[PDB]
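Below is one structure, written out as C-alpha cells; the observations come after it.
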C-alpha cells in the first residue's frame with residue numbers, strides 16, 4: 007500500500023526560459039483536513055539539502071520567488087518562470103502523508119541545454135611502466151560529449167571496467183568520460199575494441215588498440 | 007479548575023497616545039507545543055465583533071499595524087502605538103486552551119479621556135395627563151458628567167427606578183442619565199427625592215420635589 | 327484539557343497561512359504594481375493637434391520638415407551660409423518648427439496680457455496641453471480642486487526675453503522666466519495639492535520624469551499623476567553652435583540606420599500624459615489606453631569622452647528594465663530606438679540591441695524611429711514616441727519609417743533576428759500579450775528605458791437608443807461656444823450613437839457660463855440645430871418663483887403623451903387619483919387622456935390640480951428648488 | 118493511516134508562522150527603513166569652510 | 177564602477193550671458209547648461225547611479241534629499257549624494 | 675471574498691418556532707465548522723451552539739440553556755446553515771450572529787434581531803415635563819413596537835437635546851423621554867409608524 | 675539565528691565505536707525533533723534515524739538495517755545531539771548530516787564525512803599515457819589515503835586538462851588519470867601529501 011511518486015528523469019534547460027517538472031503519484035494524497043502532503047527539496051552539487059516548497063503551494067522564506075508549485079489529487083507541478091545558472095542540482099519530489107520515510111528515491115536531475123555533442127572517443131594503450139607493475143589498464147576516453155548517456159562495452163567484456171564522468175563542462179558545457187578496463191599483465195599479453203553509444207553518435211563507435 | 011482571566015475595567019485614552027491593556031490569567035495557557043492560547047477581539051459601538059490578536063504575538067490580517075501584543079505564562083498585554091478616536095468600544099482577551107468556552111466575560115470598555123465633570127442634577131414633577139390616567143412617574147436627570155459611575159437613590163426606594171443612559175457625548179464627551187421612579191397616583195399623593203453620587207461630585211446631592 | 331488540539335491548530339494556522347500569503351501578495355504588488363494611462367495630448371509640427379493627427383501622418387508617410395520661421399525676429403539673412411566655417415553662420419536652413427507657438431488664450435485663465443507677453447511660451451503650451459489631456463481622460467477639471475494629484479515635468483532654459491525690457495513689464499519677468507514656477511503655476515490654476523517637480527536631463531528628461539511619477543504613485547503619495555515635456559527654441563544660436571561640430575545634416579533630415587546618414591535635425595513639441603494605479607483605475611471605471619510595466623534609469627559614467635556613449639551601459643539599463651518588469655527579451659516585439667541619425671551613435675546602439683535582444687528570438691523583432699519623420703524633438707521627444715507606440719497598439723498596426731534605402735554596413739544584420747519597418751504590417755490580437763520598448767540617451771550620459779504592454783481586453787455592451795435627447799455645451803466665451811458647436815457638428819457628421827454622445831456630454835464635461843442646449847431626435851436634426859444656433863444667455867440668476875395660474879389652461883388629451891413618456895409622473899398621478907378616489911366618480915386617468923368631458927368644473931379643477939402637482943413633481947425630479 | 122497528521126500539521130504550521138512573520142517584518146522595513154548620514158560638507162559666508 | 181547616485185538643487189543665473197570671445201567656443205553651452213553639473217560630477221568620478229537635477233523654488237535642496245531616500249529604499253543605489261548650491265552672478269534680483 | 679447572509683428574524687409569540695438561514699459565499703464551505711452566538715440588548719456575548727465539519731464527522735454541540743429546543747443543520751451542497759427555534763421565550767429575544775470557525779470566530783455576519791413577545795400594536799402617549807423657575811422635555815410612553823421618532827420644534831431645536839434609548843417597561847410597552855435644557859416655541863413632535871400616530875405637544879411652566 | 679555545527683567525524687577501522695555531536699544555536703532546542711541522515715558517496719540520501727521532542731515523549735526511531743548498532747541521544751541543556759555508531763563497516767562510510775525537524779528538515783548542517791577502511795598509507799605510482807600518431811596523459815595508481823594532486827606543466831598547461839575523479843578500486847587503494855589533448859616537453863607532477871611523495875614525469879611519443 008506504500009504509495010509511489012515519479013518524475014521525468016532529466017530536463018536540460020537554458021537560462022532565460024521557463025521550466026516545468028511534474029510529479030505523479032500512485033494515489034491521491036489529499037487529506038480530509040484539506041492539504042496535500044508533498045514537498046520539494048534541492049541539493050546543489052556539493053551542497054547540503056534545503057527546502058523549496060511544502061504542502062503544494064507554500065514557498066519557504068529565502069527562496070527566490072521565481073519558483074512555484076501547484077496541482078492536487080495525484081499530480082503536482084513545479085514551475086520556474088526563468089531558468090538561471092546556479093539552479094543546477096538535484097530535485098526531489100518527496101511525499102509526506104506516509105511516515106516514516108527511508109529514502110528520497112531518484113529525484114530529478116537538471117543540466118544546461120545545448121547542442122547535441124558527440125563523444126570524441128580515444129582508446130589508449132597501457133604504459134609499459136604500468137605493465138612492469140604486472141597489470142594493464144586501457145582507457146576508452148570520451149571527451150566533450152553532450153548530453154550524457156554514452157555507454158561503453160569492451161570487446162576483445164564485463165566485470166573489470168570502472169567509469170568516472172566529470173561534471174558538465176564550464177565553457178562548452180559538455181561531459182568527459184573515463185572508462186577503464188583493467189586486467190593482469192598475463193591476460194593482457196595473452197590476447198591481442200571498446201564500443202561507444204551516445205545520442206551524439208549516429209552509430210556506436212569502435213576504438214581498437 | 008475552570009480557568010479565568012482579568013483585565014482593567016476601563017481606561018480613558020487620548021488620541022495619538024500609546025496605550026496598554028493587561029490580561030492576567032488564573033493558570034498558564036502555555037502548552038507542550040510551545041504556545042499560549044489567548045486571543046483578543048474588539049467590538050465597535052453597534053457593530054459586529056472583529057478579531058484582532060491570536061496566539062498572543064502574531065497579528066491577524068486587515069488589522070492596522072499600530073496594534074501589537076505580547077506576554078506568556080499567565081500574563082499578557084495588548085499595546086497600541088497610536089490611539090485614535092474610532093478605536094473606542096469594548097475589547098476581550100479570551101482563552102482558547104480550555105473547552106468548551108461559554109461566555110466572553112465583562113471584557114474591557116475603552117473611552118475618550120477628558121476632564122472630570124460634576125453632573126448637573128435636575129428633577130421634574132409628574133406629568134398631569136399621566137396623573138389623569140391614574141399614575142405618576144417622577145423624573146431625575148443628570149447631564150454632562152465625566153467619567154461614568156454616577157449613582158442615584160430614590161427616597162420618599164428601590165426596585166421601581168428605571169434608568170436610561172446616553173452614550174458618551176460627541177462634542178463635550180460627557181454622559182447623561184435619566185432615572186424614572188414610577189408609581190400609582192394614589193401612592194404619589196400618599197407620601198411627599200433622588201440622591202446623586204459621582205466622583206465628579208464632592209458630596210452626595212439630593213434633589214426632591 | 328488539550329487533547330483536541332489537533333483541529334484547533336489545524337484551523338488556527340490554516341487561517342495564519344491564508345492571512346500571510348495574502349500579505350506576501352500585497353508586498354509583491356506594492357513593489358511591482360503596473361501603471362495605466364488614461365489620456366494623452368500632443369502638439370507637434372505639421373498641424374498635429376491630436377494623437378489622431380500623428381497616427382494619420384505616420385500611416386501616410388508624411389514628412390514635416392519646413393524652412394526657418396520669421397515671426398520670432400531671427401536675423402536669418404546673416405545665418406544661412408553655404409560656407410560652413412564662417413563665424414556666426416549655419417549651413418542648413420530647414421527644420422520641423424511649431425509655427426503656431428505664439429498664439430495663446432490668456433482670457434480663459436483670466437490673465438492680463440502683460441503677463442501673457444511676459445511669460446515664456448512653454449508655460450502657456452504646458453497649460454493648454456494639460457487642460458486638453460485632462461479633458462481627454464473624461465474627468466472634470468473643476469472636480470480636481472482640493473485633490474492630491476502630483477505633477478512632474480521636464481524643460482530646459484531658453485533665454486526668452488534676455489534683452490532689456492520696458493519698465494511697464496516690472497513684476498512679471500522673474501516668475502515669467504522662473505523654471506520652478508511653471509509646474510507650480512499649473513497647480514495654482516487647478517488648486518492641486520500633490521508635489522510639483524521640474525527636472526532637466528536633456529533629451530531623456532521626459533522619460534525620467536515619467537519614471538519618477540511611477541515611484542511616487544507606488545508609494546501612496548498621490549492618487550493620479552501628470553507628466554510630460556515641452557521644448558520651444560527662443561533663439562537659433564544652438565543651430566550655429568551645432569554647425570561648428572558639423573553634426574547637422576545639410577538636408578535637415580535624420581536618416582536613422584540608413585547607409586546615407588549625415589547628421590541630425592532639431593524640432594519642437596509638447597506632450598502630456600496622465601498616469602494612475604491599475605487597480606484604482608479599474609475601480610473608477612476609467613477607460614484604459616495602455617499599461618506601463620517597467621522603467622529603468624542609469625548613468626553612462628566614465629566612457630570614451632564626455633559625450634561619447636557606451637554600449638555596455640545601454641545593455642545594463644536594458645537588463646535592469648527587463649528584470650524590473652520580470653520579462654524575458656523574447657517577450658517583446660517592437661522597439662522605438664533613439665534614431666538620432668548621427669554617423670557614430672547609430673552603430674553602437676545597433677550593436678547593443680543585437681547583443682541584448684538578438685539572442686534566441688523566435689521571430690525577428692522590429693525597430694522604428696519617429697525622428698525620421700520629425701527630427702530630434704529634444705526634451706519632449708521621448709514622451710512623443712510613447713504616444714506613437716500607443717496608437718500603433720490601438721490600431722493593431724505597425725507603421726513604417728522613411729528615408730530607408732540601405733541598412734548601414736557597420737552592423738552585421740545576420741547576427742540576430744532584427745529587421746526594420748520599411749512597410750506597414752498588421753499587428754492583430756492573438757491571445758498572447760503584446761509588448762513594446764522605448765529608449766532614450768541624453769548627451770550628458772544619463773539613459774532611460776521603458777517597457778509597456780497592451781491594455782486588458784474589454785467587454786463592450788450594447789445600449790438601446792432613445793427617441794429624443796438633449797445636447798448641451800458650455801464655454802467661457804461666445805466665440806469658443808460657436809467653435810465647440812462647429813466641432814461637435816463636424817464630428818456628428820460621422821457614424822456615432824446619439825445616446826452615447828449625450829451621455830458623454832452630460833458626464834465627461836464641465837459647466838461654464840456661456841451655455842447652449844439643442845433637443846434632437848435624429849443626427850440630421852442635430853446637425854441642423856447646431857448649425858442654426860445663434861444666441862446664448864450669460865444672465866446672472868436672481869430668485870426662482872413657481873407661479874400658479876387659475877383656469878383656462880386645459881385642452882383635449884391633456885395627460886396622454888407625457889404619461890407614457892415619464893414613468894415618475896405616471897406614478898405621481900396614479901397616487902393622486904388613488905388619494906382622491908374616495909370622492910371621484912370617474913376615471914381621472916381617462917379624462918386626462920381625453921376620455922371625459924373637461925368642460926365640467928368638478929372634473930376639470932381636480933384634473934388641472936393633478937396636472938400641476940405632477941408637473942411640480944417632475945420639476946423637482948431635476949433638482950429645482952423654488 | 119491519518120493518525121500521522123496532527124504532529125506533521127503542527128510542525129508545518131510553526132514553520133509557516135515563523136517564516137511569514139519574518140517576511141512581514143521585511144516588508145515593514147522596506148516601507149520604512151531609517152536612513153543614516155555618514156558624510157557632510159558645507160561652504161557658507163563668514164569664512165566658514 | 178559602482179551605482180552611486182547624485183541629486184543637486186540649483187537655479188539658473190545666466191553667468192556670462194553676454195557676448196563671448198570666439199576663442200572660448202565649444203565650452204559655453206556645456207559650461208552653462210543646467211543638467212551638465214551632475215553629469216560632469218558622474219563623468220569625473222565614473223559613477224553609474226542615476227543623476228538628476230531638480231529646481232523647485234528655494235526648498236529645492238531638501239526635495240532632492242527626499243527623492244534620494246526613496247531611491248535608496250528601492251535599491252537602485254548603494255550610496256547617494258545630495259546637496260544644494262546658490263551663487264548670484266548679477267544683483268538684478270535685489271533690484272526686483 | 676467570504677461573505678455571510680443571515681435571514682429569518684422577526685417578532686414571534688412565546689412558545690413558537692422559527693428558522694434562521696445563514697448563507698456563505700466566496701470560499702470553500704465544506705472545510706470549516708460553523709458556530710452561532712447571540713447577544714441580548716445591553717448585554718455581553720454568550721455562546722449558543724456550533725456544528726463541526728464532515729472531515730471530523732460534523733457533529734453538533736449546543737448550550738444547555740436552550741438544549742433540545744434549538745437545532746443546527748448544515749447543507750454542504752448549498753453551503754447554508756439552518757438554526758431552528760422551538761419553544762421560544764421572551765428572554766431569548768436577542769441579536770444573533772453566525773461565525774465561520776468553530777473555535778476561531780474570525781468572520782462575522784450582519785447580525786439578525788429576533789424579538790419574542792405577545793404584545794400588540796399601541797399608539798404612543800406624549801406627556802409634558804415642565805420646569806419651575808433650566809430644563810424641559812416630553813415623555814413618550816406606552817407604545818409598541820419600536821420605533822418612535824421625536825423631534826424638538828419639528829426638529830428646529832437641537833442643542834442640549836438628549837433622546838434617551840427606549841426602555842421596555844415591565845408592562846410590555848416601550849417608553850423614553852426627550853429632554854432639552856433651555857434656561858430662562860417649545861414643541862415635541864412624536865411619530866409612530868406602527869400605529870401611525872403623530873402628535874406634537876408643548877412644554878410650558 | 676538557527677545555526678548547526680556538526681563534529682566528531684574522521685577515519686576509523688571496522689568494528690569500532692564513535693560519536694557524532696551536532697551543536698544547535700539561535701532557537702529553542704527543546705521544542706524540535708532531531709534527525710540524522712547520511713549519503714553514501716555517489717549515491718542518494720538515506721534516512722538514518724530521528725529523535726522526538728520531550729513534549730511527545732522523547733522517543734527515538736532507527737533504521738532497520740542499522741537497528742541495534744546506533745543510538746541517538748540529546749543534551750537539551752547544551753542543545754547538542756549525539757549519534758553513537760558501534761561496530762562500523764565499509765558500507766557505513768558516508769557523509770552525514772544532522773537536521774532540525776523530525777518530519778520537515780527545514781535547516782541542515784554542513785555535514786561531516788565518515789570513512790571506514792583498513793588500508794595503509796602508500797606512495798603513488800605514476801605512469802604515462804603516450805599516444806602513437808591527439809591526446810595524452812598520466813595515470814596515478816595505488817595511493818592511500820586521499821588526497822592526491824596532479825598538475826600539467828606545473829599548471830602552465832591548462833586547456834584540455836581533464837583530471838577525472840578518483841575511483842576507489844576493490845583493493846582499497848585509489849587511482850585516477852589526468853589527461854590533456856594537444857594535436858601535433860609536457861610534464862605532469864603528482865603530489866600525495868598523505869604519503870608526502872612528489873613524483874613528476876613527462877609525456878612524449
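Chains as they are written, first to last, in my numbering: chain A, 7 to 215; chain B, 7 to 215; chain C, 327 to 952; chain D, 118 to 166; chain E, 177 to 272; chain F, 675 to 879; chain G, 675 to 879.
From the three backbone atoms N, C-alpha and C, an ideal C-beta is built for every residue, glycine too.
- Counted as a single uninterrupted DSSP element, the beta strand (DSSP E) harbouring residue 866 of chain G occupies residues 860-866.
- In terms of beta-carbon proximity, residue 536 of chain C stays away from the interface with chain E, with every pair separated by 8 Å or more.
- Residue ranges of uninterrupted alpha helix (DSSP H) with 4 or more members, entirely inside the segment 674-711 of chain C and ordered along the chain, are 697-700.
- Pairing residue 742 of chain C with residue 684 of chain C gives a Cβ-Cβ distance under 8 Å.
- Of B:65, B:147, B:173 and B:176, the smallest CA-CA separation from residue 214 of chain B is found for B:147.
- In this structure, the alpha-carbon of residue 36 of chain A lies about 11 Å from that of residue 77 of chain A.
- By the C-beta criterion, the segment 767-775 of chain F is judged to be in contact with the segment 704-723 of chain F, since at least 3 inter-stretch pairs fall below 8 Å.
- Residue 588 of chain C carries a coil assignment under DSSP once its states are collapsed to helix, strand and coil.
- Under the 8 Å criterion on CB atoms, residue 659 of chain C is classed as non-interfacial with respect to chain B.
- Residues of chain A whose Cβ lies closer than 8 Å to the Cβ of residue 343 of chain C are, in chain order, 64.
- For residue 729 of chain C, there is no enclosing alpha helix (DSSP H), as DSSP gives it neither H nor E.
- Contacts between residue 138 of chain D and chain B, judged by CB atoms closer than 7 Å, involve 64 in chain order.
- Its chain contains 818 and 824 as the residues whose beta carbon lies nearer than 7 Å to that of residue 849 of chain C, once the 5 sequence neighbours on both sides are disregarded; these appear in chain order.
- By the rule that beta-carbons nearer than 8 Å mark a contact, residue 127 of chain D touches chain B.
- Flagged as an interface residue toward chain C: residue 22 of chain A, by a C-beta distance shorter than 8 Å.
- For residue 421 of chain C, the beta-bridge partners assigned by DSSP are C:392.
- Of the residues assessed, residue 862 of chain G falls on the buried side of the cut-off, its CB having 16 or more other CB atoms within 10 angstroms.
- For residue 120 of chain D, the secondary structure class from DSSP, reduced to helix, strand or coil, is coil.
- Scanning F:811, F:846 and F:801 for the CA closest to the CA of residue 793 of chain F turns up F:846.
- Around the CB of residue 712 of chain C, 16 or more other CB atoms lie within 10 Å, so the residue is classed as buried.
- Put simply, of C:561, C:567, C:791 and C:777 the residue whose alpha carbon is nearest the alpha carbon of residue 411 of chain C is C:567.
- For residue 185 of chain A, the uninterrupted beta strand (DSSP E) segment begins and ends at 181-190.
- Closest in C-alpha terms to residue 94 of chain B, from the list B:201, B:209, B:68 and B:53, comes B:53.
- Of all residues in the segment 110-134 of chain A, only 110, 111, 112, 113, 126, 128, 130, 131, 132, 133 and 134 come within less than 9 Å of chain G when Cβ atoms are compared, listed by chain position.
- In the three-state DSSP reduction, residue 706 of chain F falls in the coil class, being neither helix nor strand.
- Beta-bridge partners assigned by DSSP to residue 746 of chain G: G:757.
- Distance from the Cα of residue 26 of chain A is smallest, within the candidate group A:40, A:160, A:82 and A:196, for A:82.
- Chain-order list of chain D residues neighbouring residue 39 of chain B: 127 and 131, by C-beta distance under 9 Å.
- Under the DSSP assignment, residue 603 of chain C falls in the beta strand (DSSP E) whose first and last residues are 595-603.
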